[PDB]
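Take a look at this one chain, the form deposited in one PDB entry, written out in structure tokens.
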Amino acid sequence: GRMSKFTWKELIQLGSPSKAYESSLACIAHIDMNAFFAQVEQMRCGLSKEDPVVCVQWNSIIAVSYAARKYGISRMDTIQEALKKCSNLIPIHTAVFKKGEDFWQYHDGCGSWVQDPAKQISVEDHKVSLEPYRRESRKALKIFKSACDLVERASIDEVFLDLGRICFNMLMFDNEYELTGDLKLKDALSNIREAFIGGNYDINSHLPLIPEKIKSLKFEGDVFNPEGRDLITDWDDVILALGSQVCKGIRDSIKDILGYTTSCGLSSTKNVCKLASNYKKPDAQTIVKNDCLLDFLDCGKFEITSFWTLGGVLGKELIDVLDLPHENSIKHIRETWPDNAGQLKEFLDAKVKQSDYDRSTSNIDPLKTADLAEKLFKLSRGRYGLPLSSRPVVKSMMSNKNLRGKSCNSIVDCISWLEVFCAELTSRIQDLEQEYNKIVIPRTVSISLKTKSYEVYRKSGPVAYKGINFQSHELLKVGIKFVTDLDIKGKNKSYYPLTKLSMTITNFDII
């Protein structure tokens, strides 16, 4: 007591873009668009957020609006099943490419669920286009980057934000913000601000106890506080409070510009944010204070298999290995080794040197069992902070069509599909340049397919650009040759009807 637990070094780190995630006062955020595809189709057709709309692909549902979820409809239910749950369901099929044409289109009012035999989208000669979701995604991304100086795109509809710089500056220099009436952050946070500019402190000194007045700062969103704890006790709570405020603005910016609802999760770690953002949906914001991490991790909805990269076999193994139960496993891993990663480390090292398994059907890499320990240790305590890295440069881009029926039955048929794959790849190449803001062009194409008997043929080679680097024509030119050379390689062999056909581009010159 009589002094804040944290130090200046830790608070200042929020200003550094490369060392802000390690800080204890770190304020990360994860934002996941609710029923994305379902939402975008809703917005496109000018429907309301409460409409039972659903994104359809062929016969399956790939996106379920929360409005339609009240009818018990779930992802991947066949349209037929859904309609038996909500006869007033509003199914919308994704845009599609028609064999031969170089552009995708929306066939609203058409679908397998439609009686009229004319209005149909035969999967036989159609390719799903995900471009619409791409664009919208790209938009939300530009708004995110304009509000935060560090955004990690985890997926097509997910992003992580490092509110470090914002919270810090807001904490030390914002003079507009109001907490209540006749009270501003500047006057409520005088000591700390006046001690900061003074700079008569040592980076390793401890921060002054938060001012009794700052406790009137309110959190924006749901603060996961089951054990009914004090919302504001130290700076991490202040930083988190401001963070939640700032965060609300950004999200609203999205609902206002694009009209997409979202769920968000704040905490001092990417992993906890990931869980928090999923805790409540739709259009919510779960806030996990550091002093509520365990209460949260032990609420009863998570498991070791509920964390990141552990929801698969690697997860089901760690259970049968560490001899973990099937309930309150996170609280377990924590209590069986409440000293340090070393405890659990030597436990694995000892559990791997016996007649329990072989180094073949296992997912653990013994020479790295030291990390696995430190990881699980931290994860079980909600302190495994990963840096908000950036998505690595793209290596390749494929565009295929798992052929069904006698669609691709000849060479021209192959070509017709090639036209589609190029139109799409070309489209995706532009989207790439927009992200890297640098010219991107494939230096090599590749054609592969699967014969009637499922055999694999494939020709790879370099694509040459001469004139205006038309990465939307010469690409197809090479594709045709290749698909034609393969047509010759299998003349009196099992070949047509092809069962699969795909075009891929690699070796990119990010000049």
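So that the term is clear: the rigid core is the largest set of C-alpha atoms that superpose within 1.5 Å between two forms. Heads up: residue numbers just count along the shown sequence, starting at 1.
Keep in mind that the form deposited in another entry is not shown, yet the notes after this line are about it.
> With the two forms superposed on the core, which of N200, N204, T180, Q354 shows a CA shift of 2 angstroms or more between the shown form and the other one?
The residue that shifts is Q354.
> Align both forms on the core first, then report whether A118 has a C-alpha shift of 2 Å or more between the shown form and the other one.
Comparing forms between the shown form and the other one, the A118 CA shifts below 2 Å.
> Rigid core fitted, then: does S216 show a CA shift of 2 angstroms or greater between the shown form and the other one?
Moves: no, less than 2 Å.
> Take the rigid core as the frame of reference and indicate whether the C-alpha of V313 shifts by 2 Å or more between the shown form and the other one.
It does shift by 2 Å or more.
> Closer or farther: the C-alpha atoms of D356 and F302 in the other form, versus the form shown, with a change of 3 angstroms or more?
Relative to the shown form, the pair is farther apart.
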